[PDB]
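Novice: next one to model:
(8 chains, ligands or ions: 9)
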Amino acid sequence: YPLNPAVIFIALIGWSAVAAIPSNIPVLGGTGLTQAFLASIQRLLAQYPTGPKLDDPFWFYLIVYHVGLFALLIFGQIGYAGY
Amino acid sequence: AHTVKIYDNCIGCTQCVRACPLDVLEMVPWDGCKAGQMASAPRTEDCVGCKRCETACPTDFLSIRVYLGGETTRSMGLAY
Amino acid sequence: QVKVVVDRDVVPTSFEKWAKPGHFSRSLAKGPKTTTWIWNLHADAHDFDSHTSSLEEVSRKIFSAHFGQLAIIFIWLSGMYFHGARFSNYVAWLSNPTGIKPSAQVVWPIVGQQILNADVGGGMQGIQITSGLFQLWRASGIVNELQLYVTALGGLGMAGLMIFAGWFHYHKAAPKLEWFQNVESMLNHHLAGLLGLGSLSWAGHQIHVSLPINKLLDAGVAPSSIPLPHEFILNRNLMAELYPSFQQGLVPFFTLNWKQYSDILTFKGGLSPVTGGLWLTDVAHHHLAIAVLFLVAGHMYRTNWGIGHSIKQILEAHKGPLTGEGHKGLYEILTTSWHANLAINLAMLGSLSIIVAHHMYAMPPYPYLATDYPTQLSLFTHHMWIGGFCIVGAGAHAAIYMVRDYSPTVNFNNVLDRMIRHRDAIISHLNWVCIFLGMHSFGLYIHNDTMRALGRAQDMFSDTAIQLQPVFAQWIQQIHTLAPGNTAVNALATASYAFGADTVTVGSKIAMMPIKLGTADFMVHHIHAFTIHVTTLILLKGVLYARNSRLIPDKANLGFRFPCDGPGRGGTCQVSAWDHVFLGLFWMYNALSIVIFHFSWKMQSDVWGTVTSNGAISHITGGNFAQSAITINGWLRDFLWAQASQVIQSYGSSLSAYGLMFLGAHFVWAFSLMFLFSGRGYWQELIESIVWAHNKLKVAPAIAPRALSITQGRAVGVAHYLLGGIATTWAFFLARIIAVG
Amino acid sequence: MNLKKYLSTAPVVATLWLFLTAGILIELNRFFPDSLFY
Amino acid sequence: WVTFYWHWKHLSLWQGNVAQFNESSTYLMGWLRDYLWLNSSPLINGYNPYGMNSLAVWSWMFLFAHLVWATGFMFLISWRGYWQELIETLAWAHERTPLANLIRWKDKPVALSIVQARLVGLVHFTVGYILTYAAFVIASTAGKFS
Amino acid sequence: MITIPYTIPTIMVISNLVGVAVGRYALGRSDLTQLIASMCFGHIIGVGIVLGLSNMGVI
Amino acid sequence: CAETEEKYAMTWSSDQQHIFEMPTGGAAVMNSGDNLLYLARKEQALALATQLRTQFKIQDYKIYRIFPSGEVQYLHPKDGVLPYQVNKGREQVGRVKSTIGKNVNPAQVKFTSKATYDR
Amino acid sequence: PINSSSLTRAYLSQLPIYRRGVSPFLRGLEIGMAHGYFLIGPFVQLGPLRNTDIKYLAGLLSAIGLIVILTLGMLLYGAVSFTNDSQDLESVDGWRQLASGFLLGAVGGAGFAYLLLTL
Ligand code: CLA
Ligand code: CLA
Ligand code: CLA
Ligand code: CLA
Ligand SMILES: CC1=C(/C=C/C(C)=C/C=C/C(C)=C/C=C/C=C(C)/C=C/C=C(C)/C=C/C2=C(C)CCCC2(C)C)C(C)(C)CCC1
Ligand SMILES: CC1=C(C/C=C(\C)CCC[C@H](C)CCC[C@H](C)CCCC(C)C)C(=O)c2ccccc2C1=O
Ligand SMILES: CC1=C(C/C=C(\C)CCC[C@H](C)CCC[C@H](C)CCCC(C)C)C(=O)c2ccccc2C1=O
Ligand code: SF4
Ligand code: SF4
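Specialist: Numbering: from 1, shown residues only, chains lettered A, B, ... in the order given. Ligands and ions are numbered 1, 2, ... in the order given. For reference, the structure is listed below:
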């Protein structure tokens, strides 16, 4: 059934770049939607047991990033329905 | 096996055979009734014993009686 | 295409067929040679899809019966407005709502029962309302008794329009099937006309009645200096003082200067701390949002002008590869059978009613609703139980569609029967999820039960013991704390005070407190996940095995309400698709009994109660949940034993009718069990041994006295199990919280 | 004509009659309440 | 009813207040109030979130016995042909799965026949009933005394 | 609502013209209901643009 | 399974590609010329015989009882005759002399390996 | 059908049973090498002696306490079922080598996790 498992990475630029340059200031991210996450993973990446439930820019930009990323890669498989 | 015995009230109106979903009961030409028919149960090894015959047995009291006997593979009616 | 084709003068309106009971079914007009004709007179009285296969005559019968239902609903609501008018203390309640307990029904003075007339203040006694009608009326802006008499009168007038309506639509103007299968128009008028104009016109009522009136009552004016709702529309000068945006007229609306309507309409959320309810500015703005959004939503169905969809060209385009055929067939499924539509509409109606229950405890939408806790309680509880039963009707009427109106020709390789191709893999993983959740939702209670009983309280699942803090609920609850500044940008307060900031105290009574969810509430949520998955197991087993199981490979031939097949296959009692609905009603009583027992005890420990000076806190049970919900001795002691003290000591007082509806509802509960455990092969010749005692005295009844049938004899066991078991919790709840709230 | 035949059925007569005997008891217990004698 | 009556007669004699019986036993909330609701108080305090005592066996057993009793209803109310077509889902799922289709049954899995099922539901009704009331006699009198 | 220099009716008629441009594409018959449907859609798009241009940003 | 249990192989022929319903569940394609169908148990197979025969003419049909040693049997039809129709070849077994009214009491069958109806 | 593809077939194929040929002692020693390493886990952190210095030793005695019971179930199932002597895991001798492999490999997994809880 999975006839065309061609590419995945086209969704990534398809989801980061559509949310990076829109800032939309007064929310959690005063910067863009993805810069407020990729900036907020390198503080925690080098073996940090922190990041509690009050850690807004990590935990919130986990779900609000992956819920569009999942949908846009699923629609990337819908991007092999016209084949 | 469920011993199905068919007594002499069986006036041969064939709701037993048409009611049984297993073809354990057939009709036998028997010159003792008005219709000349009386059911038989040869293949009681396939008999489930669901007593759907005794529902549709329009005799006085139940020409066909289904005695619940042994329980083999087929008579238990399990799928696997 | 779309047109209206209606037969006129169809059925004569004589009383002739009333003299033939059981005229309707050709299998039943034989006359009663047994008493089972009596009961089958009633179970076949609404098998409209089993009188005659002609869908036109069926569809006329049902569509005319709907107006009978709405006739009873308008008689009922006109009853509520008249009992609010004549019998209630509503005008007195409107003076001080936090002191006067709401009551309408004033019990007639016969032997003793005048003690049921509770002195609820207002200079007049009577049994206390817990339905919360007065909070709906203060939100409506009903000032004096005259609008209740007039609205009850209009309730009778609409009841007459529904009686004359259904009479007019079965007999002397009844439509064809081509009128009924016009479903793009039916959605096109319900999404827009019913719901759209309902919410829009209700926004008109709230803005031009409720906003000035519940601004004047928010100022605290007695209902004498308040003018008529009427008198706000004759001149804007009585509303321009209250909201200066009415001075600009509709000119800022049509110029799209909708910043100017910030006085009338806003997005605040939270709760008004004076009245304890929602801001009616938010609620009127809300119904404008449903108004524009539903009126937009109506126009997606092409009817006459070639503009819009049809359901067919939508469903056929979802031809996904894991289903193969896609939804090819469902528009012929859902426009020929009514039980399928009843399954969908009952499922979504019941789940909407549960959504109603949650959104009424945690965002109390009526003024002074969360300050009289019984109306706060039971409006949660009641919309749960119709919120429950209407789901099982789904599991009934999705089963009936699979038995009666299923057709494999129209329904070949689509999304529907490809489920039935692997219904063993459906029901088997529901089976696994039920056992996994049962161990991990109830074995934790046996565990903490034993660990508290074995003394080793360190080995429990308490706060102090092995903690099971619900991580996700606390996290997204914290997102809702961080709503009104971050993401709901133009908000001011949170979506509720069940999420975020400090509690709301209205008249020394706690409106809503931020609910903390820790390590006991976790396990009750896994109860709810568990007992929802069991009813989903029984009601998907009752639909997927409705027609051709691998045990009995002809249930479509046997029917829907057949009892069984027989003792063969080792016994096949209680095997029909009806019987899974029979079991889903018990598990309905379980699942909702622990939904409301989770409610009425976590919100007597973590929300409700009173406050004293310096912001001090005092719940009704006093924080006695998280140390006590983790066991069952803590559950049965601290809730079902300790909360009984205001039900059981209620004799001599005004709550004593509940003390009668507590005992007798135990009775009916246990009286159900006689119908559940025994069977008609006992009762039939017990009865016939009594028929000997009538034949001896020539008191032989002509209608021969059979016992009940099997499906009846178990259906009555459900219908007493639920009336008895539900009315126990009914009288226990209302007898509990009226003695406090 | 047939309306009285509907009013002669089992539940309608049972309610017009048990409504009547219930009215005998309720009206006979307002007029003579607390009747433990006789 | 014999032993509720005897036991509530002698919890009035042994306490001493015979008037507590004779005033509050002629109606049913006298029983469910003055006998079941009050004399289960030293039972159901068998262990608390403050500790426990010697009655913590019986207060456990009590709860245990309710779990026996209502499991009886699962066999008494809900009869076989539900389960006989549910064991087919379990045996389908066991046959079809990997790593367990090796471990096959010898006796074929079959739901309990409807004489056994009514019997085992009766047995849980008895064991649940009698263990609940043996918990309440002993925890009640051992809670008001000893 | 002021005249031809840039205001709210300036940015409604362009949304209505691209709306009726959609009506030329979405079952593009030249009948009445192209106008009554499609000018209504560009009217929805217009109202969704105008206040959205009014809330976050200069008009 | 097919390694230890009897698989019932219903074979039949038709005229048009109609659509029947499996006893497993869900619709089947119904090959028009001639088609077999391996099934589990006999009630499924004769329930399919009622599924087809009460709809339309489907005759010259019968299950070959595949038992795992390999050979077949002939169920249903047995004698080119429909079972409620009377053929003068079926020899009756399973009858007694009278009704239940002359069956012996089980205190006469007690401690003997007989049945309560044998006479 | 679905969930029977070649990734499923290739992954289930090289399992410690469905793979082609291993001595049943080592075929069971791989099974116990997984399971006995596994079962130290939910007795150290959550057991009754999780607060003394017998956090780790109670994992051994408890887990091997499960292991001898599980091999007892292995020997029951090979005692009752698998009556033939086809020398593989469907035999008696191959099954008791599978059970002895599960015992020695499982206790080896328990002691391996115990000595690897040193760090
Ligand atoms: C926009 C017009 C409109 C409105 C407001 C309704 C409203 C309703 N329809 Mg309905 N319907 C419509 C158009 C409309 N329909 C069309 C065009 C069709 C054909 C496709 C149908 C076919 C249809 C069926 C088949 C059924 C309904 C039902 C219902 C009721 C649902 C119960 C409810 O919500 O209680 C809330 C109740 C109210 C809000 C009361 C509203 C009553 C007032 C008087 C408005 C009624 C307007 C009425 C149509 C005017 C008749 C015109 C005539 C004089 C020429 C509700 C009254 C169901 C029902 O219960 O039957 C009655 C039902 O089974 N409708
Ligand atoms: C209190 C009585 C009671 C109990 C415990 C159950 C329990 C159950 N019912 Mg149920 N049922 C009941 C009454 C009860 N029912 C009644 C009255 C009805 C009438 C309508 C039904 C109707 C019904 C239906 C229709 C179905 C069930 C099903 C189930 C099972 C759901 C899966 C689950 O929870 O697994 C977890 C098990 C438990 C929570 C039970 C407690 C076990 C503890 C936690 C662990 C074991 C204890 C201990 C360690 C044992 C070992 C020691 C011992 C050997 C000495 C579960 C066993 C479903 C089923 O059969 O399959 C899913 C199903 O379809 N029930
Ligand atoms: C801006 C208009 C507006 C306003 C003022 C309200 C106000 C209210 N709504 Mg609400 N609502 C709205 C629009 C609005 N709603 C819309 C458009 C929907 C449909 C999606 C809903 C659906 C809804 C439900 C289901 C419920 C409420 C409830 C409430 C009340 C609770 C108080 C609160 O904090 O709610 C604040 C309200 C919100 C946070 C809702 C925001 C909804 C947004 C506008 C949806 C936008 C949809 C759009 C197409 C984008 C979709 C994607 C998006 C999800 C990111 C309050 C009166 C509750 C109630 O009945 O009170 C007891 C309740 O249960 N509303
Ligand atoms: C089902 C619910 C449940 C749960 C979760 C627990 C959990 C626990 N109980 Mg317990 N208990 C329960 C029900 C339960 N109990 C009931 C119903 C009773 C009474 C009959 C008791 C009576 C009881 C006693 C008397 C005691 C406990 C104790 C304990 C603790 C240690 C037990 C242990 O070693 O675990 C054993 C765990 C295993 C052997 C592991 C099996 C489970 C694994 C994790 C499954 C993993 C599958 C995996 C996810 C599959 C996917 C991976 C794969 C694809 C590769 C532990 C917290 C003891 C204690 O002191 O508490 C601290 C103790 O003394 N319990
Ligand atoms: C979650 C997840 C998963 C799962 C997991 C697993 C798979 C794990 C397991 C693991 C395991 C389970 C491991 C095991 C270990 C072991 C080893 C690697 C080995 C070692 C060795 C041994 C154990 C030895 C022993 C001994 C001794 C010590 C002495 C002598 C005897 C003997 C030799 C026996 C996966 C990946 C799928 C995917 C992702 C996610
Ligand atoms: C008690 C019982 C009965 C007997 C119930 C009897 C037959 C019905 C008793 C109620 C009827 C309605 C009484 C008839 C009274 C008439 C209404 C007339 C009386 C006069 C007035 C009340 C109108 C069953 O038939 C049965 C069947 C299957 C499982 C369990 C049971 C079962 O437990
Ligand atoms: C739950 C339930 C089941 C399921 C009960 C299952 C099939 C039995 C599970 C208990 C057995 C004992 C578990 C097997 C484990 C034993 C240790 C195996 C050996 C037991 C024998 C040697 C005695 C039914 O079979 C049933 C049948 C008829 C009416 C109602 C019901 C019913 O309610
Ligand atoms: S016995 Fe009853 S059923 Fe069997 S044939 Fe004679 S009549 Fe028809
Ligand atoms: S016993 Fe069951 S199967 Fe055999 S005939 Fe009588 S009813 Fe049909």
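
Novice: please make it C-alpha for all contacts and neighbour counts, starting now.
Specialist: Will do.

Novice: how about stretch F:23-38, which residues are buried there?
Specialist: Of the residues in stretch F:23-38, F:23, F:34-35, F:37-38 count as buried by neighbour count, 16 or more other CA atoms under 10 Å in any protein chain shown.

Novice: out of those residues, which comes closest to ligand 7?
Specialist: Within the buried residues of stretch F:23-38, the smallest distance to ligand 7 is 60.1 Å, found for residue F:37 (CA to the nearest ligand atom).

Novice: what about the closest residue to chain A within the stretch 251-400 of chain C, which SS state?
Specialist: At 7.3 Å from chain A, residue C:321 is the closest residue in the stretch 251-400 of chain C, using CA to the nearest CA. At residue C:321 the chain is in coil, as set by DSSP: H, G, I helix; E, B strand; the rest coil.

Novice: do the same with residue D:24
Specialist: Assignment for residue D:24 (three-state DSSP): helix.

Novice: so residue H:13 makes contact with residue H:7?
Specialist: No. Counting by CA atoms under 8 Å, residue H:13 stays clear of residue H:7, with 9.5 Å between them.

Novice: the more surrounded of these two?
Specialist: residue H:13 (14 against 10; other CA atoms under 10 Å in any protein chain shown).

Novice: ok and the residue in chain F nearest ligand 8?
Specialist: For chain F, CA to the nearest ligand atom, closest residue to ligand 8: residue F:27, 65.7 Å.

Novice: what about that residue, which helix or strand?
Specialist: Following DSSP states H and E, there is no helix or strand that holds residue F:27.

Novice: what about the most centrally placed residue in chain H, distance to residue E:106?
Specialist: Note on chain H: the residue nearest the mean C-alpha position is residue H:32, at 2.7 Å, using CA atoms, centre = their mean. Distance, residue H:32 to residue E:106, by CA to CA, to the nearest Å: 25 Å.

Novice: which residues sit in contact with the residue of the stretch 251-400 of chain C closest to chain A?
Specialist: Shown in contact with residue C:321 (CA atoms under 8 Å, 6 or more residues apart in numbering or on different chains): residue A:1.

Novice: dump the residue contacts of residue C:303.
Specialist: Residue C:303 neighbours (CA under 8 Å, 6+ apart): C:1-2, C:184-185.

Novice: with adjacent residues omitted, what lies nearest to the residue nearest to the centre of chain H?
Specialist: residue H:106 (3.7 Å; CA to CA, 6 or more residues apart in numbering or on different chains).

Novice: so the longest helix seen in chain A, near ligand 3 or not?
Specialist: Of all the segments of type helix in chain A, defined by DSSP state H, the longest one is helix A:56-77. No. Using CA under 6 Å from any ligand atom, helix A:56-77 never reaches ligand 3; the gap is at least 10.7 Å.

Novice: if we go by neighbour counts, what in that helix is buried?
Specialist: A:56-61, A:65, A:69, A:72-73, A:76-77.

Novice: next up, the contacts around the spatially most central residue of chain B.
Specialist: Central residue of chain B (CA atoms, centre = their mean): residue B:25, 4.8 Å from the mean position. Taking CA under 8 Å, 6+ apart, we find residue B:25 in contact with B:16-17, B:39-43, G:83.

Novice: which parts of the chain are strands?
Specialist: By default, I'm working from chain A. For chain A, applying DSSP state E gives no strands.

Novice: please go with chain G instead
Specialist: G:7-13, G:34-39, G:64-66.

Novice: who's in contact with the helix or strand where residue H:69 lies?
Specialist: Using DSSP H and E, residue H:69 maps to helix H:57-80. Helix H:57-80 is contacted from outside by H:36, H:39-41, H:43-44, H:47, H:49, H:91-92, H:95-96, H:99-100, H:102-103, H:106-107, H:110-111, H:114, using CA under 8 Å, 6+ apart.

Novice: need phi/psi at residue 43.
Specialist: In the absence of a named chain, this looks at chain A. phi -80, psi -20 (degrees, to the nearest 10).

Novice: show me which of the buried residues of stretch F:23-38 is closest to ligand 5.
Specialist: Closest to ligand 5, out of all of the buried residues of stretch F:23-38 and judged by CA to the nearest ligand atom, is residue F:23, at 52.2 Å.

Novice: verify the contact between the closest one and residue F:36 for me.
Specialist: No. The criterion here is CA under 8 Å, and residue F:23 misses it with residue F:36 at 9.8 Å.

Novice: give the helix, strand or coil label for residue C:126.
Specialist: coil.

Novice: ok, the residue nearest to it when sequence neighbours are not counted - how many residues close by?
Specialist: The shortest distance from residue C:126 to any non-neighbouring residue, by CA to CA, 6+ apart, is to residue C:117 (3.7 Å). Counted with other CA under 10 Å, residues neighbouring residue C:117 total 21.
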